[PDB]
Amino acid sequence: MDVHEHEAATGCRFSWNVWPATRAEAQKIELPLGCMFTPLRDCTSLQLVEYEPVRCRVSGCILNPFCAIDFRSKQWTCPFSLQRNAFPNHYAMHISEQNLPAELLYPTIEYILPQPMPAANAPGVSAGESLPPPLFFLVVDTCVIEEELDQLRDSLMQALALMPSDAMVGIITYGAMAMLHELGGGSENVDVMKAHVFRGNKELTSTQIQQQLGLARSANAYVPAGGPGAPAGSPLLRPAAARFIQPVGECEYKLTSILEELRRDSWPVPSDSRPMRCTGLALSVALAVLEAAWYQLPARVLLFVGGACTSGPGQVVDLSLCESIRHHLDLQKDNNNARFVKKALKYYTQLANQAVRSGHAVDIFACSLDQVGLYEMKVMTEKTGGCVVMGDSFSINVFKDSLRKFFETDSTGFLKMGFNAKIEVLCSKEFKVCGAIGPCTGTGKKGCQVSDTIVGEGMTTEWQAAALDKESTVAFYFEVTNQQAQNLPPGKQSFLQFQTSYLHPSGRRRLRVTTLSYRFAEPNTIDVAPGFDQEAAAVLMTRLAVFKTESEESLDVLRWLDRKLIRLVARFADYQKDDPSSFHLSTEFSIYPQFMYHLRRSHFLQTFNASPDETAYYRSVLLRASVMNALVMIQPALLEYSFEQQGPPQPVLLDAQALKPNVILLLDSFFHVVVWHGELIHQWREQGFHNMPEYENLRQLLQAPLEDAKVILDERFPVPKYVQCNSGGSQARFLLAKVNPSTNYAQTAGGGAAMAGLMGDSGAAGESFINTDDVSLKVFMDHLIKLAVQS
Amino acid sequence: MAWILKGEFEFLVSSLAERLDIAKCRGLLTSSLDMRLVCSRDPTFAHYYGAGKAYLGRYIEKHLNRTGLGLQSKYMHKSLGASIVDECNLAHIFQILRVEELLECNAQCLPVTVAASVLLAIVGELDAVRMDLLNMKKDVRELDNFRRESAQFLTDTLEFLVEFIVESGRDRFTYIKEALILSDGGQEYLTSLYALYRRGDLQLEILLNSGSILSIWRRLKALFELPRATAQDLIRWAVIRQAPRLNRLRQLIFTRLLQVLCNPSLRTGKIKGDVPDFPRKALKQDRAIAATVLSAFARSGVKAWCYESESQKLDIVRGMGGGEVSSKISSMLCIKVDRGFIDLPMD
Amino acid sequence: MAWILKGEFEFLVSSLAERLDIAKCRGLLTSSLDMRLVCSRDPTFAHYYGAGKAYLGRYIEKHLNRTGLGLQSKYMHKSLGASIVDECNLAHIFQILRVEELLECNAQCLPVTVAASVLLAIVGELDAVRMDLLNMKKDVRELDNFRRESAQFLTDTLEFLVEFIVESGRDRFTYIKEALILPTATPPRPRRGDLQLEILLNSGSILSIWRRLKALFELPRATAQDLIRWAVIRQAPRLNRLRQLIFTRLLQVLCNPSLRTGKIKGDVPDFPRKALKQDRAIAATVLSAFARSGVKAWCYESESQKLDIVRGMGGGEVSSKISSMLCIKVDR
Amino acid sequence: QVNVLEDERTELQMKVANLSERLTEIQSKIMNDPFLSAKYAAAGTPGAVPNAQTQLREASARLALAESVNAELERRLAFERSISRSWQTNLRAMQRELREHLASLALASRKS
Amino acid sequence: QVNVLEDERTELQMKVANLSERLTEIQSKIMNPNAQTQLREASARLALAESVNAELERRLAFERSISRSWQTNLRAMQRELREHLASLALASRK
Amino acid sequence: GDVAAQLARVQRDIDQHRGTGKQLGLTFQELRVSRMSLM
Amino acid sequence: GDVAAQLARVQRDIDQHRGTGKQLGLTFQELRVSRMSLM
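Heads up: the sequence lines are chains GF, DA, DD, MA, MB, LB and LA, in that order.
Each step along the first sequence adds one to the number in PDB author numbering, with nothing skipped, and position 468 is 468.
Going by PDB author numbering, the letters in the second sequence line up with residues 1 to 182, 232 to 396, in that order.
Going by PDB author numbering, the letters in the third sequence line up with residues 1 to 190, 247 to 388, in that order.
For any residue, its number in PDB author numbering is found by taking its place in the fourth sequence, counting from 1, and adding 228.
Going by PDB author numbering, the letters in the fifth sequence line up with residues 229 to 260, 278 to 339, in that order.
For any residue, its number in PDB author numbering is found by taking its place in the sixth sequence, counting from 1, and adding 451.
For any residue, its number in PDB author numbering is found by taking its place in the seventh sequence, counting from 1, and adding 451.
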């Protein structure tokens with residue numbers, strides 16, 4: 001089998017392809033069943049179609065390729081419930097073994113659902129008109145320095161043209177008080193800007209906010225379609241709500257003129273105090289407007305924040321400058337520096353609660369040296385499917401390219417994102433779903449396909465995800481409920497199914513049905529070994545680790561993954577008892593123990609040398625990346641370029657031995673792309689051998705990584721920090737933080753104390769010594785082998 | 001005089017391409033068209049490579065008549081025969097006869113030394129599988145006939161491969177003479242010579258030097274039905290040759306090429322009833338056209354370009370992908386248009 | 001291996017030029033080479049044009065078998081035939097074989113069509129003279145020793161010329177499959249002067265002016281030099297373009313008598329110094345008369361022969377002034 | 229010059245109109261019904277080895293692609309003659325009758 | 229005025245092009278001698294279509310060069326008329 | 452930054468030439484219609 | 452090299468845009484006088 005081709009064809013990848021047969025074997029695996037699913041994957045064989053998709057109308061199945069063929073009486077067995085299903089009169093009238101329907105031999109089908117009559121919630125939509133375009137509601141911080149705000153202006157003026165001309169847009173600039181700007185109106189008052197002001201330090205409910213703005217639904221608001229002569233009124237928006245939300249091509253001048261007018265917060269900031277900042281109220285009035293005007297319609301709230309919130313709801317740290325912000329050591333052992341993070345974090349949880357019932361997403365573009373409070377405001381972006389872009393400034397390439405690919409188009413010019421998605425999972429009766437981990441939230445849709453065990457967001461077969469894209473991958477956890485192996489016929493194939501009901505940016509309902517087939521193993525426990533996929537299972541255990549660190553201690557999670565590694569290795573390796581020399585692991589388990597070596601030293605579970613905002617940045621993007629991106633962030637990939645090697649890059653392991661003077665290293669850890677040049681490379685180019693023509697060989701070697709680094713910049717969202725450095729430079733610390741030392745203190749002070757004294761020409765080559773306290777790679781292999789064989 | 005002479009030439013490449021198609025279907029050519037076993041040094045691959053070297057060793061001296069000035073000197077047909085077996089010409093037949101993208105799990109393209117060693121093993125593997133077919137006896141008559149149609153299918157496959165190989169080496173000798181016949234002197238003679246080695250398409254360059262958006266857009270997409278990793282070698286080397294040497298009326302014509310290529314919105318306009326993916330085989334095609342043209346234009350080497358509008362740069366940056374690319378074309382695009390004056394000069 | 005390829009087309013192209021030169025030196029091929037008969041369309045030019053066009057096609061299709069793509073596709077062999085009968089093909093042969101130095105009494109540059117017609121007429125006159133030389137009667141023994149050699153000798157040149165046309169039309173055929181077919185269809189790469253003499257200075261071939269130059273020095277020394285120097289002092293600027301390059305190759309032939317003798321593999325003819333004491337004397341007469349000419353606007357073609365002509369003197373007074381007047385290169 | 233180029237705007241818009249009307253008619257017809265939609269779901273398959281049938285397909289697709297742009301460039305060609313075949317004649321008579329009036333002016337100037 | 233309607237109409241000609249090729253892709257989809282002979286008139290008319298639009302493009306480019314003689318020599322009329330009447334004016338001023 | 456000022460000058464002058472051009476055509480058309488209305 | 456020479460010569464083209472700005476102000480006055488006569 002080809003697991004990489006399976007992702008390219010269906011967008012799904014399983015930890016176990018050969019499934020356990022019984023519940024006793026399912027727990028002796030020591031890895032729970034699970035998979036990664038990308039509901040918007042660009043499949044190589046994806047087929048798009050409009051007709052009414054014939055459901056199973058007693059159970060909820062669909063005609064997958066794995067149905068009954070029944071070419072005599074036109075009724076087929078529903079693959080999950082085993083019930084006969086009569087075809088309609090023209091869906092099987094030309095049936096034979098030469099003509100088939102589309103869904104009976106292709107698994108991944110992209111339906112475009114025929115639009116019904118308008119469902120009495122957007123009055124004024126005619127029968128046959130398209131669904132409304134997506135919305136982008138910019139919420140701009142203004143308490144940053146003036147040079148920072150000019151670069152934020154330049155990126156915003158770029159972004160306003162990157163959105164399609166038909167899409168909706170609104171704008172709010174917030175300092176000490178929130179300003180909801182006026183974009184609409186007639187052509188008679190274009191020259192003067194208006195801004196409704198909300199008091200930044202008080203609590204206003206969503207009900208109250210609509211009442212100040214007149215957006216609240218009137219109890220007697222039926223004058224239904226009875227104006228014969230209203231001139232060219234837009235019927236998707238009510239006239240009260242049209243004053244804030246307008247098409248991009250219609251309010252392009254006014255949205256431009258607001259932006260160069262945008263200066264910093266004019267209120268006096270004391271020199272011993274942070275500036276007054278109502279970030280929490282800014283998202284409140286952003287979400288309340290979108291509630292009244294844009295209910296269950298595609299909305300994205302792009303929050304550009306430039307530091308910590310200090311006032312009103314959702315505010316993280318106080319005003320006086322003597323008190324500092326919170327940290328990992330501050331969170332673990334209860335400091336008074338963070339007395340207001342409680343009703344901060346749970347305020348953002350109820351805004352995300354409002355966001356999922358309304359189907360609006362929240363994206364955050366945070367850019368500050370100081371902490372922006374990303375630990376508490378991560379909760380919207382995980383809950384609705386929004387993205388997080390954390391940069392150090394609004395002008396580094398980490399921000400400009402990430403905002404620009406937020407609006408990048410596909411081959412049809414439409415946005416590469418989906419809104420209001422409805423990911424719905426079905427199973428056969430041998431297995432159920434535990435829960436989901438990632439950018440989705442359960443709805444409480446009960447059924448017979450729910451398992452007792454919960455992994456994350458359970459209690460449903462249907463999850464809300466108001467924002468997905470081509471990279472949004474969702475963890476699904478599965479459990480086998482069979483009690484005895486005698487209940488399965490040999491060679492039995494069980495089936496599972498996904499449906500994704502999302503708004504496309506063209507304004508139409510979609511329904512992507514993807515079906516997979518897998519075979520249960522024999523009662524012997526060894527037969528599942530060829531079906532193991534170590535790469536997807538590492539993403540499975542990392543995602544479940546970072547979910548369990550939310551409630552439990554990260555230290556206790558470290559013991560959990562250690563003892564699960566011991567049980568998995570001892571079960572699936574051939575060895576003699578208490579003989580470490582006879583240890584051997586298969587190809588499917590060869591690199592899996594190295595994955596948890598890098599997992600327990602990664603920043604996902606280690607809180608050392610990090611801010612909680614930076615840790616929240618890594619944890620937010622890990623919960624939405626696919627399998628290849630999760631492997632990159634868990635293991636940095638180092639590639640070597642040298643004259644001795646001809647052709648492709650050579651993957652070198654992350655030790656100090658890979659630091660060679662005559663080579664060039666390319667580091668890829670999903671957050672830093674580092675083009676580091678060797679010591680001899682810097683020695684030759686100091687006088688400039690690459691410039692002068694007699695040594696043009698390292699001119700080609702110097703420009704060689706600039707192509708592959710360009711490749712790993714383009715396909716990557718969010719873009720990583722691009723650092724080009726030499727040997728001994730200040731920018732080489734990014735590579736040195738990930739490079740382990742090849743020599744430890746135990747290997748030096750453990751023996752060999754006199755055969756080293758008197759020979760040879762005053763040193764050799766100047767080795768680089770790196771100080772660390774981590775257990776090295778080879779030592780943990782010896783300890784894991786010793787523990788598994790002994791047990 | 002020209003259209004017919006094009007016609008049977010692309011027959012000759014297409015018929016051998018569809019014939020290597022049927023050759024793989026039964027499974028006859030497998031041991032040398034798998035790139036993993038090529039770099040693994042399999043012993044049967046060493047047998048099969050030596051079969052090809054022995055076959056071209058015998059074919060250049062048993063089937064080659066002395067033509068023209070070959071008939072004068074003995075050691076001229078020695079240089080003729082040595083130019084058949086020359087490494088670059090076998091690599092060229094390996095490329096243009098459409099072999100690489102139908103290798104057994106091709107991971108990456110192969111450089112010149114190992115590419116021609118694959119083709120020699122392809123000529124060899126054809127020989128000894130036909131020798132294998134002629135070797136088993138007539139046990140079943142109908143199985144012998146199904147074996148005989150495959151045997152004759154592979155017999156004229158090899159004499160079509162070595163006909164193209166001996167054509168490519170007969171190409172080599174009259175060219176090597178024309179290359180050995182002959232700073233502003235030797236250095237720019239050599240670099241201009243290297244430029245005329247890897248030329249762009251003569252039709253696409255004369256279309257760029259004549260000017261019509263529909264005619265040039267025709268030529269970019271029609272050129273990508275040629276095999277990949279070789280068609281874009283025509284595209285990048287065409288545009289780097291003439292983009293520094295275009296007049297300014299055609300200057301804005303080339304940006305009228307760039308916008309429309311990396312814009313799926315002006316193209317495929319808003320139609321009453323349209324979900325416009327359908328064959329994304331053809332909608333990945335225009336992504337390929339925009340990618341190779343614009344990226345090679347970033348390596349064109351000229352520093353100033355003319356654009357008709359602020360929307361012209363703003364449309365190039367739409368689509369494609371973020372990172373590098375637009376930072377070079379939009380930095381280049383600085384001086385703009387006044388196209389109502391280019392047709393009407395004042396002095 | 002590359003440089004030994006250089007030496008042998010050096011041996012072959014130089015033997016192309018000298019076998020047409022020596023066949024004229026003995027003299028058997030004069031009707032189709034004279035330009036008056038070309039530009040009047042007399043019967044002898046029409047017969048050699050028809051027979052030359054006839055044989056050249058038959059040599060491609062019947063005397064040359066299928067050698068390549070023509071093994072299966074006969075259309076590729078037909079395009080081989082078209083590429084050798086190509087128009088700019090035979091003018092390219094005309095230039096490299098320097099037949100413009102061998103034509104007689106034409107003062108203007110030939111266009112592509114006329115140069116092809118004169119080349120094709122040379123092939124035709126090779127044909128008919130081979131026809132009757134092998135059809136002479138075997139009667140007299142002294143002539144028998146002559147045309148038992150010169151029949152198969154003229155036969156040897158008969159195929160030789162039309163087969164040098166074969167590669168020179170082949171490199172047209174190859175030039176088609178980067179121009180008309182895609183460029184990646186082919187592999188990539190690694247007072248009262250002598251009045252007879254006067255108008256033949258700017259009209260005719262070096263062979264057709266040498267027989268006057270041998271008898272011009274035969275006069276007593278006072279009058280012999282007199283009719284020469286006063287002729288070229290007023291006629292050297294009149295020699296333009298092609299005729300300007302007839303006088304340049306004139307300096308090469310007379311003053312460098314090394315390749316006048318055919319370098320046959322195993323035979324080189326020899327001459328005494330008493331035979332050269334008038335031919336090199338009149339050669340140095342041309343050198344020193346070109347010295348007082350002072351024609352600053354003089355022109356050359358190739359860089360090989362100026363290094364020969366400065367060295368043909370041995371370091372005399374004229375050596376400084378040859379370099380001061382030939383300084384401009386023009387091809388064709 | 230301008231007037232024939234609004235005839236460009238009208239005829240180009242009409243040939244967009246009926247071409248989009250064909251590709252909204254056969255496009256809906258083939259694939260709103262399931263069986264003929266599944267004819268595309270089979271397609272000529274998304275696999276290599278064109279099997280000596282679905283490349284007769286492919287050269288025919290490039291054939292109709294070439295004949296369609298051939299029609300567009302020839303309608304371009306004949307309508308570019310309406311641009312060009314007006315700058316020979318009415319300009320020339322302006323040379324002609326400015327010559328007779330200018331030369332008669334010089335003839336009368338050489339009278340007194 | 230003529231250039232702003234020239235620019236939109238080359239875009240509208242592109243709107244003709246890709247709606248045409250998407251029409252011919254789907255029309256040749258459904259539709260239904279030897280195969281080796283019915284590739285031949287198919288692709289020799291590809292080379293013949295290549296020859297006709299290469300020559301016609303060379304014709305259209307020549308039609309651009311004659312049409313862009315518009316103000317190159319009408320203003321040369323107005324130059325020569327002005328200086329020949331200015332030599333008369335200079336003589337009258339003298 | 453002399454070059455940066457020169458490109459910025461012809462950013463706002465080409466756009467200004469378009470504005471003064473397309474509205475000069477408005478006044479030229481206005482002159483002929485004003486002549487026809489007085490006709 | 453390419454940027455400097457090609458740019459400095461297009462302000463030679465820019466120099467007459469003050470000419471068409473001037474002529475626009477003159478066609479304003481001709482429109483004013485014809486509107487004077489139409490009333």
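Cβ coordinates follow ideal geometry from the N, Cα and C atoms, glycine included.
In the structure shown, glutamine 354 of chain GF falls within a helical segment according to DSSP collapsed to helix, strand and coil.
When the Cα atoms are used, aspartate 364 of chain DD and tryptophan 3 of chain DD turn out to be separated by approximately 22 Å. Listed by position along chain GF, the residues whose Cβ is nearer than 8 Å to that of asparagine 246 of chain MA form an empty set, because the closest Cβ is around 22 Å away.
DSSP places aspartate 265 of chain GF outside both helix and strand once states are collapsed to three, so it counts as coil.
Under the criterion of beta carbons closer than 8 Å, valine 433 of chain GF and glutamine 449 of chain GF qualify as touching, at roughly 6 Å.
Per DSSP, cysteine 35 of chain GF is one residue of the beta strand (DSSP E) stretching across 33-37. Leaving aside the five residues that flank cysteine 105 of chain DA on each side, the residues in its chain whose CB is nearer than 8 Å to its CB run, in chain order, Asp34, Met35 and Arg36. In the pairwise beta carbon analysis, the segment 764-780 of chain GF is classified as touching the segment 728-748 of chain GF: at least three pairs are separated by under 8 Å.
According to the DSSP assignment, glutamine 212 of chain GF belongs to the alpha helix (DSSP H) that extends over 206-212. With contacts defined by Cβ atoms closer than 9 Å, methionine 163 of chain GF and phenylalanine 407 of chain GF form a contacting pair.
Shown here, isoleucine 60 of chain DD sits in a helix according to DSSP, grouped into three states. For a cut-off of 8 Å, the C-beta gap from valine 374 of chain DA to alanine 347 of chain DA is around 6 Å, short enough to register as a contact. In this structure, the beta-carbon distance from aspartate 141 of chain GF to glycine 170 of chain GF does not fall below 9 Å. Counting other Cβ atoms within 10 Å of its Cβ, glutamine 483 of chain GF stays below 16 and is therefore classed as exposed. DSSP places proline 651 of chain GF within a strand segment (E or B) once states are collapsed to three.
For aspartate 562 of chain GF, the enclosing alpha helix (DSSP H) starts and ends at 554-571. Straight across, the Cα-Cα distance linking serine 349 of chain DA with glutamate 274 of chain DA is about 24 Å.
Less than 9 Å separates the beta-carbon of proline 298 of chain GF from that of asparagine 420 of chain GF. Counting C-beta pairs with one atom in each stretch, the segment 323-333 of chain DA and the segment 457-472 of chain LB have fewer than three that are closer than 8 Å, which means they do not touch. Between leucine 496 of chain GF and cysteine 427 of chain GF, the gap from beta carbon to beta carbon is short of 9 Å. Minimum Cα-Cα distance from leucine 468 of chain GF among the listed residues GF:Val673, GF:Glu679 and GF:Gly438 corresponds to GF:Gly438. Listed in chain order, the alpha helix (DSSP H) runs fully inside the segment 373-461 of chain GF are 374-384 and 397-405, counting runs of at least 4 residues. Annotation: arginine 217 of chain GF to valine 309 of chain DA spans about 45 Å, alpha carbon to alpha carbon.
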